[PDB]
Each structure stands twice: as C-alpha cells, then as structure tokens.
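Asks: Starting off with a structure, shown below.
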RNA sequence: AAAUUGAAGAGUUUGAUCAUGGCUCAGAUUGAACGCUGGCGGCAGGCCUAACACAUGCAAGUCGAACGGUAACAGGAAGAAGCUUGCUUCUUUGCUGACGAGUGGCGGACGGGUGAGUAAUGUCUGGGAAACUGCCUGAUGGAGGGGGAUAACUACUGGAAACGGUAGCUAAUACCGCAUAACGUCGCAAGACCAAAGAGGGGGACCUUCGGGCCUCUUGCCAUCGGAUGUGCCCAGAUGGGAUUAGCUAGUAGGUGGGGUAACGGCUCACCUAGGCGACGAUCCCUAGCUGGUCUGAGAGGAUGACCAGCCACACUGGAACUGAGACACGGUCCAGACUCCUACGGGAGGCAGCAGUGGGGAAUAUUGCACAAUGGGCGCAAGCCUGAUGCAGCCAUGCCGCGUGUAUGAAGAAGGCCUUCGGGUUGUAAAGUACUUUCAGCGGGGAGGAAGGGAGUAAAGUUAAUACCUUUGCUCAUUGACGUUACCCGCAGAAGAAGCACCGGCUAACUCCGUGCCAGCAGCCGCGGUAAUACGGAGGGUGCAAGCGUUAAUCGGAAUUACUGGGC
Ligand SMILES: Nc1nc2c(ncn2[C@@H]2O[C@H](COP(=O)(O)OP(=O)(O)O)[C@@H](O)[C@H]2O)c(=O)[nH]1
Ligand SMILES: [Mg+2]
Ligand SMILES: [Mg+2]
Ligand SMILES: [Mg+2]
Ligand SMILES: [Mg+2]
Ligand SMILES: [Mg+2]
Ligand SMILES: [Mg+2]
Ligand SMILES: [Mg+2]
Ligand SMILES: [Mg+2]
Ligand SMILES: [Mg+2]
Ligand SMILES: [Mg+2]
Ligand SMILES: [Mg+2]
Ligand SMILES: [Mg+2]
Ligand SMILES: [Mg+2]
Ligand SMILES: [Mg+2]
Ligand SMILES: [Mg+2]
Ligand SMILES: [Mg+2]
Ligand SMILES: [Mg+2]
Ligand SMILES: [Mg+2]
Ligand SMILES: [Mg+2]
Ligand SMILES: [Mg+2]
Ligand SMILES: [Mg+2]
Ligand SMILES: [Mg+2]
Ligand SMILES: [Mg+2]
Ligand SMILES: [Mg+2]
Ligand SMILES: [Mg+2]
Ligand SMILES: [Mg+2]
Ligand SMILES: [Mg+2]
Ligand SMILES: [Mg+2]
C-alpha cells in the first residue's frame, strides 16, 4: 500500500498540500518516497491552484501505488475530461 | 555562597528565602552574586524613584 | 510604535529641518531652531564619530517617522539587495506608503499621511491598503478613496503641497487625487545632504 | 433520560447533637436500601460517611457527606424514591457544614438521643433549620439505652426548642427491651428481627401492654391532622374517623408549612426503627416539586425576579453549596441543581463573580466515592470538577437567571491561634495550604498580621483548628506548631506638657547647614480623635522659611507612626513647634528631621509616658443560670464589666478585656456554659493595664 | 487489560497450544530420522525421511515453519542419508 | 540572467611611552527566567531540572457482504387488550432492517511520547550479498470431496469482584487428513512431497424439499514467479574527553563438522589450531542518542542537536518467550523486584517517557478544551465507526512581524517645575484653545474560502444471454465546517479606551541643581563618595529603545587570546 496522498504543509488556516507517494504506515508529514506535484485549495486567483506530475504518478500506479480520493479528484480536474 | 544586598535598607533575616542572580561587588573580595530585590519576600528599596526596575520597586502613582 | 511627542525638539536636536511641520509659518518662527531642546542647549559639545553617525541615523529615522527595529530591517533588506546599501535603504524608505502619500500631497506632514493611510482613506493600485510601511512598487496607482475627498485637511494639504519641489518620479494627478509611482527615486532625486554611508557604517559597526 | 421522576426525590439532612446517631442512622439507611453490604459501626471506624482519616480515628463526623439511596418501603409499597441524604456534623465547632447543607436541603431528620433528648447542638441545628424555613421530622434514636424516654424527649422538643411535636411512632417495651414501634396511623406494631441485622420485621397487633396510650396519642394525631383544613375539620367534628390517606396528606401539608414536626423513634445501632423512619421521610417530607418555586433577584429586583419551577423545561440554575479539597484536581464543588438541566462539558455563568465556568466532569457522590454522570436535572445534588473560582453559596446558571439568593451569611470564627511551621523552609507551602483550606471553608480564615511576621488562623473552635492543623499535616503534608497571637499596643501621655528641645551640632564650621527645634507635646484625651497624631502650629521665635511652616507635622508623623516605646505606636499626642533656630537661606528638611528625631526622643525621655494595652469590648449572650460563672471567669481574667441586661431567652453581659489575655476564650465559655453561649468582639478604645511583658519585649534587646 | 486485546491474548494462547503440538510432532519425527541416521540403518532412516517430508512440507505451507526451514531440514537430512553409505 | 558585495575597534599596568599579556566593553542569538510596565492582531514556541510518583477522563477499533444467533430498537405476519370488525399498539415469530455478547478476519509492530540506555551492539556517507516482506500491483494456473470439533447458547454450580468449573450440543472465510498440484521444495538424476474458502447482488429459461439448484457479475480463497514498499544482514571511512587508564581477550581469533536463522556468520555446540586486538590509543573511567540542520563567523572555525524531518534506543526495573509477514510488543503474556489501589480477607487489578491534568523538584514552561469539517491511519464492497494522529480553540509579551495610542494649527512663548549672572533661559507648540480623521479596540449588519466528496434519481455505453445487478463517465436534486458571533466588508460615536523602561564621568548618545559627606550607597572595566559629587539619592532637562525596556544565565564574535587559514619561545 504505497499511497499517493496530500501532506498538508503550509500555515495556520492556509493549508497547502504536497502530493507525495508515501508508504502508508509513515505519518502524513513524515517519510515519503518522492513528491509529485502540489495543491493549494485556497488559491483563488490567476495563479495555478494545483500541479501534478502525471507521468510519475502513472509510473507509480503501474508499480501498484494506491491513490487517495483527493489525489484522484485532483487528477480528474487536472485532466480536461473533468 | 555569599551575595550582596543592593540598595538602601532591607529586611533580610537569618532564614528569609531570597532570589540570587549573578554579578559581583568587586570590592568585597568573595561576593560574586547579587540578591534580586522585590523577589521572594525581599521587599524593594523604599522611596526609590530612579533605576526603579532594579531594586524591585513598583511605579508610584505620581 | 509611533513617536507621539513634540516634533520641533527633534528638528532642532537634528539641527536642520526634518519637514515635521506644515508650511503655515516658518520653522524659526515656530521654535528656536538654532539651539537644542534642553536647558543646556546653548552649549555645543564636541561630537564624536559615533555621535555624528547616530545623529545622521536619527535624522533619517525622524524624517521618515520610523523606529529602530523597522529601520534595521530596512538596512538588512538594503544590504541584501544588490547595489549601494545606502541608495537601496533610501529607496526602501521612499517606497513606504505614507512617504509616497506625503511626497504626492494628500497630507502636510508624514504623520498626517500616516493617519490618511491607516484610516482606510488611501487606495493603492485598486486595493485599499492601511499599512503605513506598505512598500509601493514601480507603476502603482496610489489614490484617495471616496467619502474622504474635498474635506478640509485633504484640500488644504493638496494646496499646500505646492510651493515645494515636485518629485520627478510620481506624476501626480492633484485634481483627481491619485498619483503614479513609475520608478524608484534615484540618489539625485533626494535631499543629498543626508550621508547614507554614515548610516551604512553605523549599522556595520 | 430522567432515571427517577421529579416527585420521587427527597433531599434530606440528618442533623443533631454530637453522637446523637446521625452516622449510625445513615449506615442503617444505606444497608436497608442495599447500597452498603455491611452495617459497620462508627466507633470501629467502619462507617462509610466517616471516610476522612480524622473521622475514622476519632469517631466523629467533621464534614458534611452527601450520598444517595433508593427506597421503596418496608412492604415495597412505593416505586423507588431517591433520597439524597446528607450526614452533617453536629459539632458546634463545625456549624458552617450544617448551615451550608441545610440551605440547599428540602427536609431535615433531626435526631434526638432518647436519654438526653434536646441538647445544645440540637438547639443550634434547630435554629439553623428554622431560619432556612425547612420542613422537619424527628428521629428519637438511642431507644436501647437505659434512661431512654421517648415521651419525655418529645416534651423536651415541645418545651425547649419551641416546637409542637406530633408523636407518630410510639415505642413498645422498656429501654433494653426495645421490641419495636407502633405506628399511630396504621395501628400496626413493627417488630424487627434480631437474628439478622434488622433487615426483616413482623407486623403485630399492638398487644394489651399498651393500647390506651397508643389510642390516646392516635386520637391526638388525628385531631392534629384535622387542624389543617376546614374540609378535614368539618368531617372530624361530624364524627367519622379520617381515612389514613387524607390524614397523611393533611399532616404533609402541616410538615411543608412547618406547623408541626412528626416525631418517630428507633435504635439505629440495635437495627430498629430506621425503615419506619424512611417511610416517614417518603410519606411526610417534601420533594423538589412539592414546594412553591424558589426565588432570587434580577437587575435590582422586580415584581417577581425569579420563580423557578422544579422542572427541566427551564434554563439551568443551581447553587454550589460545598467546596472540597482534591489533591489531584484541586477542587470539587457539590452543587444542588434547583431548576433545569446541565451536562458534562457545558458552560455556565456564576452570577456572583459574573464569569464563565465549564463543567469538566459531573459526578454523583457516595461518601468519598464518585461516579461519573452525563447530566444533572433539577432537584438533584451532584459534584462538579473543573470549577476553579466558585465559592460556597455561588449561583451557577444559564444567562438571564437569578443573581443573589439567600446564602450570603456565615458565622464568625471565635478561636484564634498563630501557626508556625516546625521547619522555616516551609512558610510558602504552609501558606498555600492554609489559603486553599480557607477557600474551601468560609468560616475559617487565615491572615498574616502585619504588625509581626506571624500568621493568624481563625476558626469556629479548638476542635476545628486542630482538625485543620492535623489534616494539613496529613494531606499536602506540612508540619505545624500552634502558639499565641502577638499583641499590638499603643501609648499615650499621662498629662505631661513641657517646652522640650532638640539640637544637634551639625555645623562644625564647614558642614554648611544645621538647625534647632523646640517643641511641646500634650495628650488631648483618651480617644477623642480618629487621627492619633495631632499638631497645633506655634512656631514664632525664629519662624522657619515659609515653604514648609505647616509641613513640619507630616515629617513628625513618622515618630508617632511607630516605636517611641518598644516599637509600638501612640495615640492622643499633639505636637507644637514653638521655637527654634536656623539660617534663612537653605532650611534642609532632611537635616531638620534629625533635630525632630532628637526632640522627640528627649521629649519621651522627659515624659516617662506609659503604655496602653489593647482592650476590646466583648458582648456575650449566655443563659440565665451560668451568668455568675461567666462573669466570675471574666473577673478572674483582668477584665471589667459594663452593662446589665436580661434577654427573654438569656442574659447579655458586656465586658472589657485585654488581647494578650482571652486566648481561647470560646472553649472556656463553652465549658462553663455547656457550649450554649456566644460572644462577639468589637475592639473598643484602649485602657491602661499593668503588664510586665511591655518592658520585657524591649529589654530583651538590651538598650 | 483495558481494551479488548484480551481477545488476542486468548487467540495467542490457543495458537500457542496448537502450534506447540504440531511443532513438537514435527520435531519428534525429525528426531526419529536423526536417530535412524545415528543407528546407520539406511532403510529405516530413509523411511523416516519419507514420512517426515510430508509433515514438514505441510506445516511450512500452513505457516508454522518457513519454506526455507523445511528445505533446510530436507537438504540436511538427505545429505546425512547420502553420506550414511 | 541571480544565487551573493566581504574582515572596524575601544577602556584598563606607566609620571609618561612602546611592546607583551590578561580582564572588560560595543554585535548577533535564546525553548530563557527575574524587575517595572503593558493596547490589539498574524505566525511560531512553550518542564532545558525528578526516565521522579501518578488520581481521573479519553489516546484502537472495525467487519452481519464469514458464522451460530436475537440482548436493546424498528419493521412486517398471527391473534378473545385498546377496541366505533383495531388509528386507540397484550403476546409470539430472526422473517427483514439492524445488532450487545460470542467464534472468526484484519488491525493492534502504524500513528503518539521520551532520550534513561548507548561512544560504537548506534548514527552519517558510500557500497555489497546469504535474505524475507501482511496490505498494494502484473502473469499464469487451481478452487473434487470429507471429517471431528468448539465458542456462544442450554442445565447445574463456584466466586464480593476478577473471573471461572461439570456435562449437553449447535456454525463457519476456525481446525484436520485425503483427492490434485507444477516453470514450486528436496535430489545430480530417478523420482518423493506440499493448498485452498467461501460470500454478496440481480436473473428470462429449466428443475424445487418456497432451502434453492442452475446462468451470470463482483469480491474473497490457494500455488509459483515478478515488481514496488518495508525490514534484516555485512564492509570502508567519519562520528567526544582522559595515559593522573598500556596492555586486553579464552567462544576469545580462525578451521572442520552438527544444529539454528527468513537469511551469511562463534549465532550455537564438539573438537583442532594459538591465535586476534593495541602506541594510527586496545582495555579501563567519565560523558553522550546520531544526523539534515540551528546560532555565530568574511571565511576557516567554534558551540550546539529546542521546533521540523530521517535513523536508532526505550516503555515502572530485570529476564524470557508466545502470536504474527513483521515484536521479543507504551496502552499484550509470563515470571522476579519495589510501588499503588479494590477486597465481603478468601482473592483481584495497574504501570501517563500517548492527550490533558495533579504532587514534587526548579529561576522557569500551558487546558483535566471543541471536532473528526481538511488531510492521513485502521476496518469495511461501501455506507459508516474509531482516531488526544491531525485541524482548531484557550493560557503565557516567550520570540519574530505589523499596526495603534491621534493629525494640522496654536506665543498670552500662559501657569507650575527647574536653572539663573536675577536680565533671562528652559520644560515648549509642549499644554490649553481651534479645526480635522476615526485605523485599532467597543457596539450593529452583511459575508467568502478552507468542500473535495458522499447519498438518491436518470443517460450512455461496458458486462452478460438478460435495455436486470455491478462497476467507469455526464446530467441534475437536497446536502456535509469544529474553527465561527471566521477572514473580509459596511454603519454609530467621540480624540475617546491604549507609554513605558533604561541611561546621561570615559569607553558610550545624553548635564545642571539640591541633600548626604570614604557614611548612605554605585559599579560591565577603569573607578566614584572624606564639604560646591554631571559617577550615590531626589528633582528638572536630555539621550536610546519602545509595548516593550532593563537585569541575570548561555553560545559565538570581537579574541590573530590554541594562530590550519593565522601567533610565539
Ligand atoms: N447503644 C446505642 N449506640 C448508638 C446508637 N446510635 C449510635 N450509637 C453509637 O454511638 C456513637 C455515636 O453515634 P454515631 O452514629 O457515630 O453518631 P454521630 O456522631 O452523631 O453522627 C457510636 O459509637 C455509635 O455506634 C443507638 O441507638 N444505641
Ligand atoms: Mg513591534
Ligand atoms: Mg457520627
Ligand atoms: Mg465519641
Ligand atoms: Mg548446516
Ligand atoms: Mg510515572
Ligand atoms: Mg474520544
Ligand atoms: Mg455484534
Ligand atoms: Mg459439528
Ligand atoms: Mg484456513
Ligand atoms: Mg583511549
Ligand atoms: Mg544520557
Ligand atoms: Mg574571525
Ligand atoms: Mg522535549
Ligand atoms: Mg514468536
Ligand atoms: Mg503494543
Ligand atoms: Mg500507557
Ligand atoms: Mg516550586
Ligand atoms: Mg478519512
Ligand atoms: Mg516660568
Ligand atoms: Mg473594528
Ligand atoms: Mg461545494
Ligand atoms: Mg463554504
Ligand atoms: Mg559623550
Ligand atoms: Mg546608577
Ligand atoms: Mg553589564
Ligand atoms: Mg552637593
Ligand atoms: Mg578565534
Ligand atoms: Mg604571542
């Protein structure tokens, strides 16, 4: 269960997540295998809100990595199909 | 250890508890510490109006 | 975080005029500018290197209405930024919102400019900003807000902002009560009596 | 949600003289309600109410202990009513505990020894219950003791306390042959079983040994009930015997409105009469809902600021009556919720200090045992943890609830001692302990008197104070030694007037300044001024410079302020600078202060004035049988008397006594008046007193 | 205990009983093989080896021992039998 | 593109000088404390000492889609309560939703805490071979058939409780042998040998003992090979002080064979060899978690390892093993030790170095808080439950940052204070007065964003045989925020609710008077005070900083004063 999940860095009342492929046992902010993109839920301007490293995420999914619900939704939004 | 009692007039008896800070008197050879006034029932200097934060003296109404 | 006190004491302790009063009357008519505030102001003790450096730094601080913590931060930013540290420090001090407000008008003194800024009566680049130290960037439009124009202090300060050198980096629209900040002021665009190197060496001391 | 209906709640206290049987009756109540699997006995320390170590060791209750029991009846007659009982201490040295509880309780079982009957502390708790206007029943315990006389004790209740007691359960057999009780409504004789611990009993048919006395007192009970309402009176006079239900209802109305006290009998230690007393409680005493709604104030009063029904529909209101120490959370507040509902973790307002408090935990009490409960309803006693500044009598409620209730008065402590730790590395710890103890107990104060470094401990009695001292030693351990409070004297001149001088050789040719003063001191009269210092300006010969001609009295203030004789102050002195010398350039006030000090010293030396001890006025109320004894004690003490008065219920003596003396006067007064006399103090103007300690204290330090 | 790890305590007790029984059964069969090896009778040693082989294989499959442990037993005992000549 | 632009000195030995050499000071930093004072907001930090002892409440559960089943609730059915043949609910039926306890699966070895131990059994850097790895994922297969239990439960019964005893059975995705299994284990080969578990949704046929079989779909099961992840192991270097510690080691160093490990190995054993380590510091003693980093410095360096992240070690102390993929397991077992608690006296229970909190110690470090709404974790097909992880709230000026406490005008240069040469100077445009503004705080009204998802319906294709069930994707529908009376915005008012601390002899910026007179006292260093003290104390005035300031403690710098850069005899 090598999950791809959101790390919740940032500040108080101003979250900002790192999309990290991390072994599921480790803590949210703790050990991870690599970081593949980021996400900013409060980015509400011309600036980019999220970025994902799609080919690396696909590589890890092929390797068997699990995807979190939010990572899946954000990948859906990144792809123009949604 | 031996410690100085700065200021004019104190109330330190033979068993009063007090607070000790660093320092020295430099003409009492052997006193290398100072008694913090206005801390641990060492009352602040009486009728003091300048350097009043040292000597543990509170702000008068004035 | 503001010096609430007499201002002409500061002006005559620094000697020259710090522009801490309006142009309603003369500084020499408002105070005995020649001597110092104290009862021992007649005497003129010999100054030292540290004395002149401190006096220059305090002159700049009192000119711009800034305290030592923020001024040290400004010096750190200037030393970080490439170029002359003194010129960078002076440009950073001219970038302050109250500073540009005063230099454009809208206030007869920088404390008046600070009230105008803090009272949400100033709008910078469309956004309402009420921070006196808000650093204005090149090509920024600093404008008065509605429901604050035409009042006595504003109109008096705009009119009084004449009879003085026009800054060559603002291009203010006095009638409509906004100005621009096209680019940072250069060394030649300022008093030129203030030795910035004295402040630089004081803070490198 | 509500485990028991509002009507089936009985908040009662057990109040009486010392060792009347309160704790034993509580233990038998717990046994017969099943919460306690062993009866135990107090003198062996097995009583559950006597949970503190002092109570276990000494056989006495020192704290008001609240617990709860479920009672159906002797014959399981009713659905289980929940009785919230509080066992109160009958010691006169713990009166705040009984007053504290009795404020919040709805009823009182007053226990009376069959032998002694009405006793001094029975009368004390009677007065407390009367001022709180609470319904009472009576339990004549100790019926197994030789000399027991139930009828005589009832007559003592009638004559002494001022009641009109109504017999309800007469006694079968002699003292040691205490078989059981005949009820004056059922006409049944309950005889308890001796093989087991009185759990079982049998109803018998009132044998011939007593059928006339029982019949007469049953007729008296019937007519007493009939004297409650005209609907009862008319049928009684028409001549049909009242039905038992209507008799009980009328007697209940009389109990609520305090026309009568229903007196039963029993023997708790021999396991008899307790279940009958419990049924008397259920049948005759009120519930939280069977009284008119409580009242308070709101915003300087109104037509009716508060009328809070005993129901859950209304905003929460309560009263935090007891505050108790906890070594592990620092506090535990026993409160009765008068109206509404509260839950664990909810926030409320203390209407007195006007601050928010969060109920960290709410628990139900069984002696020292605490059981967590999610919520508390109206008419229920519980304990809160998480309160941190609430005191006794504080109202805790939702917003817009009554502010001040009747609980704003406490007795005044009488005994005073000076407590000092054995180890003087213990001052702060002992002071903290005493401060928290004072916070729990309003009638106990601790204060550091500022004339000395001692710390004075004031309590309701010697038993109260040594209980406080040894409990301080045990819990939050700090040792302590008791002593005597020090004495603050004052001086006065014995009509001496002179033109005394003061002159110090400060000039010496080169010092550049000096001065000289010439003053007069006079005593005005013993206590005609609120300002002990006096001044009348007469500086004429060489009038000093004008900037402080009138200000040469604030500087002389300090000589009178402390220590002309033995470090003590003075009253009635008046200073008069008549003459002096100076130079009219710089009259240094600091340099003139040395002249003032020397003038004061020479003046005292020439005066040879003497000391006034602190003599206060003591006003004592005592019965009119120990008047001679108490005034003889006051006369053996070097004290004077003032005024003769004869109260209807006693005699009031007034006297003047020193402060060094009358140390522990309350215990001596109680000894010589059977603990049935009170005294108050008000610190009248001083008087001369020959004491060899006045010169001792100053000559201990040589010259 | 506080939580319901007492259930796992009971389960571990039962599994200890079961595993101890099966493991001791394994070990006594292996002891039979080794005793036959010490005796030198290759016929009885080979028979004991053939009887314990299903035992160790099945217990390794069930998880009481590991495949490496079972293979180690088989290889060592086969080597002993081969040198028994 | 830019990743850096960086190095200051002064006081003090002397009558004076120069060198040398210490001491002290000017800077930055704090997990700081103390004194005085204190308005708000944002973001961080918050027992450095007693790994000292711990009350109380929570910190790990979930699955009924594995099973027997029915303790509580609900729904139906079968009726001589209610009853105007019932709307007003007495009882029965696991029958259905659901579900306490029980067996069973997974989790509980994660997450959280502490640094006591550990000076090389560790950590960092760089490699290596003899390994295993639940869950996740890819490939290929199998998934006949049978057995005996036993929990729960029933009966009796012990016990205060904790918890059990004696029989009777009843289930399984519990356990057990057989059938079968090979690119799998053993063997050179021949050959020998090893597994399983079933469950749920819907369904036109067709067969039923209204149990379903049977056809599908989705899950789970078992064998092997992989991948990824994680873990184990080995090697080289580096990683403190002491020689006022020069010898240490006998499973000790190596070899052969047996055993053991998941794996190589003295890991263990039986023998044989007499070795191995050490002046490049073994052994012994003291100390200590290590690191990325943090502070300082121009660098080299020095000091340090709070927060955050990685690894290690520990869990009341010592030892041991069980289960499991993984432990020798904070919230598991057993034993031994001390402590604590309940006991009905016969027995029984516990380990805050999890979140709070209490006592103690200390100069000193917080709430016995709200939610699982975000993100993660466990379980489950999901819904959903749990989560003291986590997100927030509270307290503390503990730190960094921002803002405010008014702005302009105002000469009777008012009064009062202080000084004075008695003219005046100064407090000082300061105040008062006049006009103006209302940030922030205080009230009243609007108001995002953190919210993605999930549920129900329907359309599409996919599936199948079945436009059914089940996935995947559109379309809508009412919805989910503790923080929260949120951020943010608008209105009322009146300068109102908001300035103190240190210093003023030289170093060091800011000087006069008075009272005391080597006394009282000050002092970072030099030093001041014995009759005109800018060095003490008060006043006035000024200087520096400012919701802070100062005092004390600690690191570095200055100190080229441990000099490798960069010193001397
Ligand atoms: N003989 C007898 N002794 C009694 C009775 N009630 C209480 N006692 C005993 O008298 C002593 C005091 O009674 P206790 O219950 O402690 O009463 P309290 O001190 O007033 O609360 C104890 O030793 C009791 O056991 C009674 O009815 N008869
Ligand atoms: Mg600030
Ligand atoms: Mg008693
Ligand atoms: Mg007694
Ligand atoms: Mg081998
Ligand atoms: Mg502990
Ligand atoms: Mg919880
Ligand atoms: Mg269940
Ligand atoms: Mg069976
Ligand atoms: Mg199985
Ligand atoms: Mg060594
Ligand atoms: Mg250590
Ligand atoms: Mg250097
Ligand atoms: Mg820590
Ligand atoms: Mg094991
Ligand atoms: Mg564990
Ligand atoms: Mg624990
Ligand atoms: Mg302490
Ligand atoms: Mg979740
Ligand atoms: Mg004047
Ligand atoms: Mg506001
Ligand atoms: Mg939304
Ligand atoms: Mg929203
Ligand atoms: Mg100077
Ligand atoms: Mg000083
Ligand atoms: Mg210093
Ligand atoms: Mg003088
Ligand atoms: Mg160096
Ligand atoms: Mg040298």
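Residue numbering for chain D follows Swiss-Prot; the residues present correspond to positions 2-704, in that order.
Determined via electron microscopy, 3.0 Å.
Cβ atoms are placed via backbone N, Cα and C, with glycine included.
Per Swiss-Prot, GTP binding site is recorded for D:17-24, D:88-92, D:142-145. Positions annotated as domain 'tr-type G' by Swiss-Prot: D:8-290. Taken from Swiss-Prot, the feature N6-acetyllysine covers D:504, D:643.
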Asks: Please report the Cα separation of residue D:504 (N6-acetyllysine) and residue D:92 (GTP binding site) in Å, rounded to an integer.
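Replies: Residue D:92 (GTP binding site) has its Cα 65 Å from the Cα of residue D:504 (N6-acetyllysine).
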Asks: Please identify, from the recorded positions D:23, D:92, D:504, D:643, the residue with the sparsest Cβ neighbourhood, meaning fewest other Cβ atoms within 10 angstroms.
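Replies: The recorded positions D:23, D:92, D:504, D:643 were compared, and D:643 has the fewest Cβ atoms within 10 Å.
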Asks: Helix, strand or coil by DSSP: which one applies to residue D:643 (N6-acetyllysine)?
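Replies: Where residue D:643 (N6-acetyllysine) sits, the three-state DSSP reduction gives strand.
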Asks: What whole-number Å value do you get for the CA-CA distance of residue D:20 (GTP binding site) and residue D:643 (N6-acetyllysine)?
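Replies: Here the two Cα atoms are 38 Å apart.
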Asks: How many Å separate the Cα atoms of residue D:144 (GTP binding site) and residue D:643 (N6-acetyllysine)?
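Replies: Pair distance, Cα basis, whole Å: 47 Å.
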Asks: Quick one: Cα separation, residue D:89 (GTP binding site) versus residue D:643 (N6-acetyllysine), in Å?
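Replies: Spelling it out, the Cα of residue D:89 (GTP binding site) and the Cα of residue D:643 (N6-acetyllysine) are 39 Å apart.
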Asks: Find the shortest Cα-Cα separation between residue D:643 (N6-acetyllysine) and the binding-site residues D:17, D:23, D:92, and name the residue that gives it.
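Replies: With Cα distances computed to residue D:643 (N6-acetyllysine), the winner among D:17, D:23, D:92 is D:92.
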Asks: Does DSSP give residue D:23 (GTP binding site) helix, strand or coil?
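Replies: The three-state answer is helix.
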Asks: Including all protein chains shown, what's the count of other C-beta atoms within 10 A of the C-beta of residue D:17 (GTP binding site)?
Replies: 29
Asks: Using Cβ atoms only, which of the recorded positions D:89, D:92, D:144, D:504, D:643 are under 8 Å from chain C?
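Replies: Near chain C - Cβ to Cβ under 8 Å - we find none.
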